[PDB]
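Q: Below is a structure I'd like to ask you about.
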Amino acid sequence: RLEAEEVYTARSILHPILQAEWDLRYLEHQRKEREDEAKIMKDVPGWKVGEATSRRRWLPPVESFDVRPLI
Amino acid sequence: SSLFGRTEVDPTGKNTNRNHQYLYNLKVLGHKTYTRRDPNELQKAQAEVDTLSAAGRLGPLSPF
Amino acid sequence: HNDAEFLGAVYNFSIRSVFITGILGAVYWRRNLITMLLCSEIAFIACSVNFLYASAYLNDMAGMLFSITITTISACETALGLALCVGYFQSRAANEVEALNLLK
Amino acid sequence: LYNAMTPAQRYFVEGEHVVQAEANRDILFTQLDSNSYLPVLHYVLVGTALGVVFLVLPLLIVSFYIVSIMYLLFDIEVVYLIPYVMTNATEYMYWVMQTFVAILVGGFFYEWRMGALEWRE
Amino acid sequence: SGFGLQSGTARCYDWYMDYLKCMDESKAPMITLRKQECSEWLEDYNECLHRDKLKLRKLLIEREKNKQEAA
Amino acid sequence: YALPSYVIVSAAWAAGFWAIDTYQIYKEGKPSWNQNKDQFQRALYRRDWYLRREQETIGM
Amino acid sequence: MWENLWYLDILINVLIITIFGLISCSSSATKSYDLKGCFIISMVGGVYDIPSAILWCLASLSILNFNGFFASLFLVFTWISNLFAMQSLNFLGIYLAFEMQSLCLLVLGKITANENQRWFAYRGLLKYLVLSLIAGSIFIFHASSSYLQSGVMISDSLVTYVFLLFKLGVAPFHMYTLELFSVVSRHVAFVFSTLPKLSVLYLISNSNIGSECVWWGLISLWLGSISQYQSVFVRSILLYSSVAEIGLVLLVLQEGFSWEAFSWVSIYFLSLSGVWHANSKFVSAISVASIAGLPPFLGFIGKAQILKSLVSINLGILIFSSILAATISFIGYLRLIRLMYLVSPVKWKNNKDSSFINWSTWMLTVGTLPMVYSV
Amino acid sequence: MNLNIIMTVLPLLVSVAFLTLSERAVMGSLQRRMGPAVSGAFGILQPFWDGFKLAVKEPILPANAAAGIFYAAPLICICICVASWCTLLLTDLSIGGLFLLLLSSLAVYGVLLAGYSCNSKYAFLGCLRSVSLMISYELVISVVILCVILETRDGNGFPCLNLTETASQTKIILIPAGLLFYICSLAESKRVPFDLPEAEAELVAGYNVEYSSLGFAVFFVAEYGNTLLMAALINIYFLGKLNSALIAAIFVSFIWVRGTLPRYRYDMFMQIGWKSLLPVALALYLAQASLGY
Amino acid sequence: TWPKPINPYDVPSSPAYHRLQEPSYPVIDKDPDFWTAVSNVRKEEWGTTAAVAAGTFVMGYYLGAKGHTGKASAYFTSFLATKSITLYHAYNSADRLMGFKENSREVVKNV
Amino acid sequence: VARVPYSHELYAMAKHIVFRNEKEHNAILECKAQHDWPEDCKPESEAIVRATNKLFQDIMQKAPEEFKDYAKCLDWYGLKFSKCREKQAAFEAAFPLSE
Amino acid sequence: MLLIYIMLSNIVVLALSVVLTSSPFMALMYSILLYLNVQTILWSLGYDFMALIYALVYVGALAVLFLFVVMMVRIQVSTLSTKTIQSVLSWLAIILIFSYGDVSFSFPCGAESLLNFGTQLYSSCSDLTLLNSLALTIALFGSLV
Amino acid sequence: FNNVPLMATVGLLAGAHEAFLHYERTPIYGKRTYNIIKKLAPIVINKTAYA
Ligand SMILES: CCCCCCCCCCCCCCCCCC(=O)OC[C@H](COP(=O)([O-])OCC(O)COP(=O)([O-])OC[C@@H](COC(=O)CCCCCCCCCCCCCCCCC)OC(=O)CCCCCCCCCCCCCCCCC)OC(=O)CCCCCCCCCCCCCCCCC
Ligand SMILES: CCCCCCCCCCCCCCCCCC(=O)O[C@@H](COC(=O)CCCCCCCCCCCCCCC)COP(=O)(O)OCC[N+](C)(C)C
Ligand SMILES: CCCCCCCCCCCCCCCCCC(=O)O[C@@H](COC(=O)CCCCCCCCCCCCCCC)COP(=O)(O)OCC[N+](C)(C)C
Ligand SMILES: CCCCCCCCCCCCCCCCCC(=O)O[C@@H](COC(=O)CCCCCCCCCCCCCCC)COP(=O)(O)OCC[N+](C)(C)C
Ligand SMILES: CCCCCCCCCCCCCCCCCCCC(=O)O[C@H](COC(=O)CCCCCCCCCCCCCC)COP(=O)(O)OCCN
């Protein structure tokens with residue numbers, strides 16, 4: 001029980017930093033993607049790059065690095 | 001419960017009809033609601049971070 | 001272009017085929033009572049797999065609980081049905097030939 | 001070998017080096033293939049091939065029904081008990097488990113009382 | 001249900017709860033009316049569940065990119 | 001005599017256990033490859049793998 | 001933890017009675033009246049409303065005519081399934097409760113058949129099982145597709161409506177009742193053609209499980225009436241009468257008339273009790289008359305509630321069909337009356353076990369005047 | 001694939017052969033005899049002679065039986081034994097011992113299929129008796145495993161059934177459950193006390209007796225392999241980290257108990273498993289559950 | 001996203017059934033124990049319990065005598081009915097303590 | 001590209017972070033709890049990333065061998081703190097926490 | 001991706017084989033192989049315990065029950081082979097019609113945890129676990145008599 | 001053309017009913033010289049066309 005509490009404490013400390021670096025990486029990738037999208041959609045009229053799919057809440061990516069099929 | 005439930009009348013009359021599902025989810029799971037940060041605060045904070053980085057007080061974005 | 005869309009379509013085709021093969025298979029190709037209950041099990045398994053798939057899609061536990069319920073009820077139903085089949089077969093009169101094959 | 005197909009799965013790492021490294025990788029438990037059942041299936045194929053080789057080499061040169069049903073129903077009861085052992089139970093989880101066990105012990109008592117457990121039949 | 005697979009809650013539990021809260025706020029005498037008033041929240045929940053708008057947007061981008069490449 | 005047959009079984013399994021232990025510790029890189037991993041540990045290992053590959057790409 | 005105690009008490013009660021009955025099993029008391037009384041007392045702990053009190057009344061009356069600890073235990077299991085069906089909030093509650101009830105039907109049917117009756121009883125139980133498996137599998141497959149598409153399990157859907165249509169036995173999903181109930185014991189057929197209905201009606205009324213389509217009740221009304229008229233066997237006449245009536249009741253219940261269906265089910269139970277447990281010609285005649293809907297008996301009040309509800313919705317086709325189908329049904333009931341007193345001398349077994357039968361006949365005669373307020 | 005599979009399979013084959021040699025070496029020692037000395041001098045090579053000779057014997061064409069199922073039964077057993085050992089030594093599967101329990105429930109198929117091949121009225125009852133014994137003592141094994149999982153937690157505190165983590169600590173509390181695991185292991189290997197076969201199988205009631213070539217060889221080899229797997233499981237769960245010496249000692253113990261105990265009748269062993277072993281294992285489970293975390 | 005860390009020993013859990021209601025009356029005890037609820041049961045309720053117990057003893061004996069086991073049935077029926085009524089009374093008293101139901105007498109008796 | 005030290009390193013510096021970097025950790029927790037969108041929390045994410053990287057660098061100079069030794073021990077023992085008590089105590093002595 | 005596809009496509013061939021075969025014993029064997037393929041499909045969606053459950057309850061126990069019944073009731077069903085070319089194509093057409101153009105959703109991967117599953121089964125969802133236990137008791141009592 | 005689908009459906013249901021009744025009686029065990037579909041297809045087609 002005490003080793004578990006130590007491990008939990010450590011993990012709770014690391015989680016903010018890992019989520020912050022993931023979020024920052026997400027932001028640079030999304031920016032690069034939007035730059036490419038704007039480049040591709042320059043010809044098409046009435047297209048707005050960076051339109052919000054969800055009006056209010058942030059939509060997280062369904063696919064994640066952590067979950068990988070067992071087979 | 002999650003799968004089953006029964007209904008009783010309120011003698012006092014204070015409690016009234018609301019969605020049972022909503023009330024259950026609020027009591028057992030809870031609702032997380034988030035706001036959107038106003039742009040001026042964010043701009044100032046970001047500028048402050050950048051200023052400190054230029055000064056060199058803050059550390060590297062990447063360790064190596 | 002998207003592997004997941006292709007895989008989702010393949011899964012949907014496969015699961016639907018397995019369901020129809022279970023429900024209508026033994027009746028179509030006339031079989032004994034034992035094959036009818038085995039195909040009924042195949043169909044229930046297909047539905048439970050669909051629930052597990054949905055639970056993975058929505059990150060929800062409801063399908064996993066419905067699926068454990070299917071496993072329990074399906075096994076109880078099969079055990080009772082097989083008991084009925086044995087009792088039916090032990091009471092067969094000499095004249096009766098394919099007693100188990102009602103669909104004949 | 002499952003391969004990440006999106007940038008988010010690849011931890012937003014750019015380049016084609018990563019894709020090649022991932023595809024030609026080895027199944028390591030301390031890397032990208034943890035709790036993987038693919039080795040088990042490689043083992044099943046090896047075992048089947050080994051048997052097939054042995055098999056082909058020389059060629060060139062009422063109580064039972066009752067026990068089955070009781071086994072199936074007790075097995076499902078144990079399947080229900082398996083999640084409980086895999087959690088650090090609280091007082092209320094303990095009492096729910098105790099009710100479940102009481103129902104199982106009642107069914108066992110019915111089997112004992114009615115003579116099903118005796119195998120004379 | 002509403003519970004998550006690993007912990008917490010389902011991937012789109014909050015969107016559904018938002019829609020339920022909107023329906024609770026509404027004073028319409030029938031459920032049909034309230035759903036009509038809260039339809040936009042339902043559209044957000046459906047959007048988070050299946051990402052249909054994002055898929056359409058990606059399809060259009062890919063198709064235009066193919067058209068540019070062929071030309 | 002029971003002892004020679006018993007010795008052969010013991011030694012053969014000891015040799016197999018050593019060979020698998022060393023082989024794995026050589027490839028996986030640690031004696032703890034077999035230890036149980038939860039979701040957090042699996043995600044950490046996956047992140048480490050992707051970060052190492054990114055570092056390799058950056059270096060060259 | 002206190003809310004859980006209410007539910008927990010029922011389980012504790014059932015287990016202790018089960019183990020007491022097992023320990024005190026002897027030839028001296030084959031009819032365990034004491035256990036029957038304990039079971040009745042136990043089922044009072046699940047009464048929360050008026051529909052639950054009707055469920056208790058019907059279960060207790062059914063329990064009286066079962067012989068032996070085993071049958072009464074399986075009736076208590078049926079009661080538990082019925083109580084949980086009324087409280088089901090999603091697909092899992094519906095599926096679980098109804099399939100448990102199906103299991104209890106399969107056991108009750110199996111354990112009330114003699115060795116000479118096994119050939120036909122086990123065939124009818126097997127046919128019931130296979131049809132039930134088709135219904136349950138189609139239900140769960142569609143429920144899975146709905147859960148995937150919507151993300152939530154909501155009991156307001158076409159999938160549940162079609163499933164509950166199968167459970168009621170209307171439109172083309174009434175054949176299991178005909179095949180199974182013809183070959184089983186009279187009590188088992190009576191208790192499982194009335195009690196299960198109350199739970200389904202409660203679920204439909206409370207969970208808004210109604211459709212705009214009137215074809216299924218119209219079909220059940222016409223098919224049942226014509227098949228009742230053309231049926232030579234008396235069991236088929238009684239079985240098809242329930243099909244026709246439950247079709248009409250289904251049509252009335254979709255439009256929101258819950259009170260009338262809950263009063264109808266109680267009157268129908270009392271009316272069917274005396275015809276099914278036939279011992280006296282007079283009791284059977286009064287029962288047939290009540291099922292027919294003759295005005296001096298309580299059956300008239302039950303039919304009146306449904307007909308009165310029909311005129312409010314103002315659907316002409318339903319009213320016309322109802323009148324003609326009722327006439328056709330009346331011809332079948334007249335056939336039943338003719339068979340008893342106008343065809344040949346009738347001799348029946350002296351099964352002097354009229355537990356609630358005299359009370360039911362009295363309640364049918366006497367009850368019309370007290371319940372006149374409803375109609 | 002991986003080179004580890006070779007390093008697992010080859011030791012299993014050598015070890016199983018010497019297991020067969022040990023069985024008779026011990027039985028001879030108990031009965032004031034000696035280990036076979038006409039095959040060679042050291043006696044190391046005695047099993048290879050049997051296996052090589054069994055290869056030479058002329059094949060018999062199958063009679064009045066389906067060919068597929070006849071071929072399938074050896075493949076099924078040779079697959080289960082391999083998968084078991086390779087999931088016992090080369091995997092990190094969080095619920096790995098549960099997988100082993102699943103792999104042990106599949107050993108029933110080989111016996112059943114062998115019985116089906118006979119297609120004899122007596123053999124139908126004989127196979128049903130063997131499978132009844134296996135399922136009856138597999139239920140008890142499952143309850144014992146449940147007792148094993150209450151006491152097995154990992155460093156991070158997450159309950160699981162990883163063989164490495166259960167092996168890491170030795171818990172003396174579980175020893176009451178290890179006795180039941182040992183009796184059940186004897187039953188699952190059809191040892192003498194639970195050896196219903198031998199009495200029934202003197203006449204050709206039905207069993208793997210039908211095979212008399214590479215088919216019969218794999219069955220016997222698999223029998224010893226399963227017995228050794230049970231010995232490994234007894235070591236890994238109740239006796240600490242995997243020790244080759246302990247696995248061999250447990251096998252020797254099996255042989256000793258075999259020799260010193262007479263066989264049981266059909267009703268007697270099954271009555272032991274349902275009305276004796278199962279209540280004891282349930283009491284041990286409830287006691288461990290009530291002790292708490 | 002990142003998996004949230006879970007503490008195995010303290011995993012959030014809740015009972016199956018929940019009463020969706022805000023306490024209308026004062027909350028004498030937020031989470032009453034069984035003994036606290038039993039101690040707050042009214043005298044009239046205990047009288048009902050004893051009347052039920054006696055009646056069920058007589059009915060149990062009557063029904064048991066037809067099967068030659070009157071005493072055993074009488075005691076079992078008494079125990080069963082007393083237990084069920086007592087649990088009902090304790091549930092009602094716990095609800096009164098929680099403030100869901102009227103607790104005027106309860107608050108006065110135990111301040 | 002935002003990047004932070006490897007798992008073994010983060011575990012070895014975990015105790016130090018909450019004593020030395022409290023400000024950034026609290027800030028990031030509060031903002032993350034308040035705002036779902038990742039852009040809204042970009043300043044605090046950048047802050048905690050930079051702070052962790054700075055901590056890694058100052059540990060690498062002040063106690064180069066002690067940190068490396070602890071990180072290797074933790075990696076060898078599969079990120080289990082209990083087995084590395086001696087090395088942890090040495091590293092903590094060499095580089096005191098909470099300044 | 002190839003392995004997941006192969007398993008998904010195979011499940012159809014293993015389901016078709018059961019109905020087509022005329023031997024009840026062989027149909028069970030194909031069903032057992034179908035159950036194993038379902039375990040392997042579940043492994044690709046990220047479930048380990050659930051896939052174990054399917055194999056334990058169905059392969060381990062239910063299949064044994066089916067074999068026991070089949071042996072006791074053994075009938076001569078090798079009468080005639082009726083698998084005319086016309087019949088098979090009609091069956092494959094019915095299957096194709098039913099299993100076509102349904103709503104498809106992207107393949108998901110979801111890590112499961114027993115700690116959460118056990119917690120929910122014995123706390124929030126205790127009502128289901130006990131009703132299922134009652135269902136098992138009903139089956140036990142009815143089957144044994 | 002908008003309202004015929006109903007009549008066509010009813011005719012198809014009636015023809016399927018009659019065709020099934022004919023098919024059910026025919027014996028699987030005995031080999032039949034004639035093709036069953038050739039016998040049954042006119043039933044369904046004619047009923048649907050007349051309706
Ligand atoms: C003494 C006072 C009684 C007066 C009033 C009764 C109310 C107080 C209850 C007091 C108890 C007396 C029982 C009489 C009524 C039973 C109702 C009831 O009890 O619960 C209702 C009551 C609250 O529910 P509610 O009053 O119905 O209102 C809720 C909502 O309004 C929602 O419920 P709703 O459905 O009523 O909603 C209103 C409804 C309007 O509904 C109505 O108008 C109802 C009309 C009343 C008809 C009465 C006949 C019903 C048959 C049931 C017979 C009672 C059996 C007794 C069972 C319980 C025994 C105690 O509107 C609708 O449209 C819904 C449709 C309703 C059905 C349609 C009515 C037709 C029924 C069939 C009639 C057909 C005729 C057939 C034959 C007739 C021949 C003459 O619950 C309680 O107070 C607690 C229950 C506690 C019971 C047992 C617990 C004590 C013992 C604990 C441990 C037990 C173990 C130890 C054993 C001890 C002994 C050994
Ligand atoms: C406002 C009321 C109108 C609404 C109607 C619904 C409400 C019901 C109100 C009155 C209900 C009365 C029910 C009448 C039942 C008739 C009594 C009965 O059935 O006795 C049986 C009882 O049979 C048994 O099986 C006895 C077993 C249990 C005995 C009673 C159980 C008592 C449990 C406690 C009940 C109290 C209720 C608990 C709290 C409400 C005896 O008959 P037999 O001996 O089997 O055969 C008779 C033979 N012959 C007539 C031809 C001579
Ligand atoms: C009037 C107030 C006091 C009445 C005295 C009764 C107090 C005794 C405590 C309660 C015991 C049960 C009450 C008796 C009612 C039913 C008992 C019964 O079934 O009567 C006979 C048989 O059944 C009947 O005859 C039916 C009688 C129906 C009830 C008639 C009695 C009416 C008043 C009794 C109960 C009134 C209230 C009881 C206290 C509240 C029992 O037969 P045996 O088991 O063989 O016992 C006889 C003993 N021995 C032969 C060995 C000498
Ligand atoms: C028809 C219903 C079918 C489905 C029913 C589902 C609903 C029932 C689900 C519950 C099953 C039983 C689980 C226990 C029920 C009530 C909970 C309970 O009483 O346990 C107490 C535990 O409290 C106790 O009083 C401990 C002593 C309990 C002793 C026995 C009471 C429960 C007996 C259960 C019956 C099972 C025993 C064997 C079955 C015959 C409450 O838990 P905690 O408050 O978290 O733990 C105490 C910590 N603290 C108070 C400080 C917050
Ligand atoms: C009493 C203390 C009070 C506290 C309560 C605790 C209760 C005991 C719990 C402790 C757990 C350990 C129990 C050990 C397993 C024995 C199981 C119960 C003993 C028993 O009933 O005897 C026989 C079962 O043993 C057998 O005969 C099985 C067959 C044995 C053959 C193989 C034996 C292998 C060697 C023994 C294991 C040693 C391991 C290492 C060598 C049944 O027979 P019965 O008919 O007489 O009983 C029926 C009489 N109604």
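FYI, nothing fancy with the structure tokens labels: chains A, B, ... in order, residues from 1 per chain, ligands from 1 as they appear.
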Residues within 8 Å of region 30-45 of chain B, please, as a short mmCIF file (atom, residue, chain, number, x, y, z; two decimals) with C-alpha atoms, in the first residue's frame. Count only C-alpha atoms; anything in the same chain fewer than 4 positions from it doesn't count.

A:
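Result file part24.cif:
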```
data_model
loop_
_atom_site.label_atom_id
_atom_site.label_comp_id
_atom_site.auth_asym_id
_atom_site.auth_seq_id
_atom_site.Cartn_x
_atom_site.Cartn_y
_atom_site.Cartn_z
CA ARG A 57 -15.77 22.01 -26.45
CA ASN B 25 -25.31 11.29 -13.86
CA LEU B 26 -24.79 14.42 -11.74
CA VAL B 49 6.60 33.62 -21.15
CA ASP E 14 -19.85 15.64 -21.33
CA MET E 17 -24.67 15.90 -20.32
CA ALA J 33 -8.82 22.32 -14.86
CA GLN J 34 -10.31 25.62 -16.03
CA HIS J 35 -9.79 25.37 -19.82
CA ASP J 36 -10.14 22.32 -22.08
CA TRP J 37 -8.63 23.80 -25.26
CA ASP J 40 -5.79 28.37 -23.86
CA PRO J 43 1.69 29.64 -21.69
#
```

Q: Tell me as an mmCIF file with N, CA and C atoms, in the first residue's frame which residues belonging to chain G come within 8 Å of chain B, counting only C-alpha atoms.

A:
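Output (part_20.cif):
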```cif
data_model
loop_
_atom_site.group_PDB
_atom_site.id
_atom_site.type_symbol
_atom_site.label_atom_id
_atom_site.label_comp_id
_atom_site.auth_asym_id
_atom_site.auth_seq_id
_atom_site.Cartn_x
_atom_site.Cartn_y
_atom_site.Cartn_z
ATOM 1 N N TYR G 48 -44.634 -1.269 -4.039
ATOM 2 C CA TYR G 48 -44.328 0.148 -3.918
ATOM 3 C C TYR G 48 -45.432 1.056 -4.441
ATOM 4 N N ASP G 49 -46.283 0.572 -5.342
ATOM 5 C CA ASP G 49 -47.323 1.374 -5.976
ATOM 6 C C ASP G 49 -48.549 0.484 -6.160
ATOM 7 N N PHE G 84 -38.758 -6.564 -11.884
ATOM 8 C CA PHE G 84 -37.622 -5.881 -12.495
ATOM 9 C C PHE G 84 -37.944 -5.380 -13.895
ATOM 10 N N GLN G 87 -39.379 -1.916 -13.718
ATOM 11 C CA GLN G 87 -38.431 -0.886 -13.319
ATOM 12 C C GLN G 87 -37.297 -0.691 -14.317
ATOM 13 N N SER G 88 -37.278 -1.453 -15.409
ATOM 14 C CA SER G 88 -36.181 -1.387 -16.367
ATOM 15 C C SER G 88 -36.116 -0.009 -17.016
ATOM 16 N N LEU G 89 -34.924 0.589 -17.017
ATOM 17 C CA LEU G 89 -34.726 1.924 -17.565
ATOM 18 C C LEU G 89 -34.016 1.941 -18.913
ATOM 19 N N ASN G 90 -33.434 0.826 -19.344
ATOM 20 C CA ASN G 90 -32.662 0.785 -20.580
ATOM 21 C C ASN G 90 -32.770 -0.615 -21.173
ATOM 22 N N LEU G 92 -30.603 -3.091 -21.174
ATOM 23 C CA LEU G 92 -30.118 -4.172 -20.318
ATOM 24 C C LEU G 92 -31.163 -4.651 -19.317
ATOM 25 N N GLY G 93 -31.893 -3.733 -18.682
ATOM 26 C CA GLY G 93 -32.944 -4.169 -17.775
ATOM 27 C C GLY G 93 -34.035 -4.948 -18.483
#
```

Q: Point out the residue among I:72, I:27, I:90, I:81 with the least atom-to-atom distance to ligand 3, counting only C-alpha atoms and all ligand atoms.

A: I:72

Q: Would you list the contacts of residue 32 (chain A) as a list in words, taking every protein, DNA or RNA residue within 12 Å and counting only C-alpha atoms, but skipping same-chain residues closer than 3 positions in sequence?

A: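 The residues that qualify are residues 25, 26, 27, 28, 29, 35, 36, 37, 38, 39, 49 and 50 of chain A; 7, 12 and 14 of chain D.
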
Q: Near chain I, meaning an atom within 7 Å, which residues of chain K appear when counting only C-alpha atoms? Write them as a PyMOL selection string.

A: chain K and resi 119+123-127

Q: Show which residues sit within 10 Å of region 53-57 of chain K, as a PyMOL selection string. Count only C-alpha atoms, and ignore same-chain residues fewer than 3 positions away.

A: (chain C and resi 45+48-49+67-68+71-72+75) or (chain D and resi 71-73+75-76+79-80+82) or (chain H and resi 98-99+101-103+105-106) or (chain K and resi 32+35-39+42+48-50+60-63)

Q: Output as an mmCIF file with N, CA and C atoms, in the first residue's frame the set of chain G residues within 10 Å of chain D, with distances taken over only C-alpha atoms.

A:
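So out01.cif came out as:
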```cif
data_model
loop_
_atom_site.group_PDB
_atom_site.id
_atom_site.type_symbol
_atom_site.label_atom_id
_atom_site.label_comp_id
_atom_site.auth_asym_id
_atom_site.auth_seq_id
_atom_site.Cartn_x
_atom_site.Cartn_y
_atom_site.Cartn_z
ATOM 1 N N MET G 1 -26.673 3.402 1.426
ATOM 2 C CA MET G 1 -26.776 1.961 1.620
ATOM 3 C C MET G 1 -28.205 1.548 1.958
ATOM 4 N N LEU G 8 -32.297 -5.691 -1.272
ATOM 5 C CA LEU G 8 -31.559 -6.796 -0.664
ATOM 6 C C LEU G 8 -32.484 -7.689 0.154
ATOM 7 N N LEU G 11 -33.970 -10.648 -1.728
ATOM 8 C CA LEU G 11 -33.034 -11.753 -1.933
ATOM 9 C C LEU G 11 -32.840 -12.536 -0.652
ATOM 10 N N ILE G 12 -32.676 -11.840 0.471
ATOM 11 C CA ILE G 12 -32.419 -12.569 1.705
ATOM 12 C C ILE G 12 -33.623 -13.440 2.018
ATOM 13 N N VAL G 14 -35.857 -14.723 -0.069
ATOM 14 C CA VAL G 14 -35.981 -15.858 -0.980
ATOM 15 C C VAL G 14 -34.973 -16.936 -0.616
ATOM 16 N N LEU G 15 -33.734 -16.542 -0.309
ATOM 17 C CA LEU G 15 -32.715 -17.541 0.003
ATOM 18 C C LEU G 15 -33.076 -18.304 1.270
ATOM 19 N N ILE G 16 -33.511 -17.597 2.317
ATOM 20 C CA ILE G 16 -33.784 -18.310 3.562
ATOM 21 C C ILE G 16 -34.975 -19.246 3.385
ATOM 22 N N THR G 18 -35.833 -20.693 0.560
ATOM 23 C CA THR G 18 -35.308 -21.787 -0.255
ATOM 24 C C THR G 18 -34.585 -22.814 0.606
ATOM 25 N N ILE G 19 -33.690 -22.354 1.483
ATOM 26 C CA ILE G 19 -32.897 -23.311 2.247
ATOM 27 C C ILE G 19 -33.758 -23.971 3.315
ATOM 28 N N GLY G 21 -36.969 -24.730 2.913
ATOM 29 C CA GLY G 21 -37.723 -25.730 2.181
ATOM 30 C C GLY G 21 -36.871 -26.932 1.830
ATOM 31 N N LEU G 22 -35.619 -26.688 1.438
ATOM 32 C CA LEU G 22 -34.712 -27.792 1.144
ATOM 33 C C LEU G 22 -34.441 -28.621 2.392
ATOM 34 N N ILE G 23 -34.186 -27.964 3.525
ATOM 35 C CA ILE G 23 -33.886 -28.706 4.746
ATOM 36 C C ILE G 23 -35.116 -29.471 5.217
ATOM 37 N N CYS G 25 -37.668 -30.916 3.679
ATOM 38 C CA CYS G 25 -38.316 -31.609 2.573
ATOM 39 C C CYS G 25 -38.689 -33.018 3.016
#
```

Q: Pull the helix (DSSP H, G or I) assignments for chain J out of DSSP run on the backbone, and list those residues as a ChimeraX atom specification.

A: /J:7-12,14-20,22-34,42-62,64-76,82-94

Q: Taking only C-alpha atoms into account, report as a ChimeraX atom specification which residues of chain G lie within 6 Å of chain C.

A: /G:119,122,137,141,144,148

Q: Applying 10 Å and only C-alpha atoms, which residues near residue 10 (chain F) remain after dropping the ones on its own chain fewer than 5 positions away? List them as a list in words.

A: residues 4, 5 and 15 of chain F; 15, 18, 243, 244, 245, 246, 247, 248 and 249 of chain H

Q: Save out the residues we just selected, N, CA and C atoms, as a short mmCIF file (atom, residue, chain, number, x, y, z; two decimals), in the first residue's frame.

A:
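Once everything was written out, this is result-v9.cif:
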```
data_model
loop_
_atom_site.label_atom_id
_atom_site.label_comp_id
_atom_site.auth_asym_id
_atom_site.auth_seq_id
_atom_site.Cartn_x
_atom_site.Cartn_y
_atom_site.Cartn_z
N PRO F 4 20.38 -39.88 -11.39
CA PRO F 4 20.88 -39.40 -12.70
C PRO F 4 19.79 -38.79 -13.58
N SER F 5 18.62 -39.42 -13.66
CA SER F 5 17.53 -38.90 -14.47
C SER F 5 17.06 -37.55 -13.92
N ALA F 15 19.46 -24.93 -17.83
CA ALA F 15 20.09 -24.38 -19.03
C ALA F 15 19.08 -23.62 -19.87
N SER H 15 13.59 -32.65 -21.43
CA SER H 15 13.10 -32.85 -20.08
C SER H 15 11.99 -33.89 -20.05
N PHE H 18 13.39 -37.38 -20.21
CA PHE H 18 13.97 -37.86 -18.96
C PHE H 18 12.91 -37.95 -17.87
N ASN H 243 12.31 -22.31 -9.96
CA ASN H 243 13.52 -23.09 -9.70
C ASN H 243 13.45 -24.44 -10.40
N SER H 244 14.44 -24.74 -11.24
CA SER H 244 14.42 -25.99 -11.99
C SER H 244 14.43 -27.18 -11.02
N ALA H 245 15.20 -27.04 -9.94
CA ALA H 245 15.29 -28.10 -8.94
C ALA H 245 13.92 -28.35 -8.33
N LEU H 246 13.19 -27.29 -8.02
CA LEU H 246 11.89 -27.46 -7.39
C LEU H 246 10.93 -28.16 -8.35
N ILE H 247 10.96 -27.80 -9.63
CA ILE H 247 10.04 -28.42 -10.59
C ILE H 247 10.32 -29.91 -10.66
N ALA H 248 11.60 -30.28 -10.70
CA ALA H 248 11.95 -31.70 -10.73
C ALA H 248 11.52 -32.38 -9.44
N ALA H 249 11.71 -31.71 -8.30
CA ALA H 249 11.35 -32.31 -7.02
C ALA H 249 9.85 -32.54 -6.94
#
```
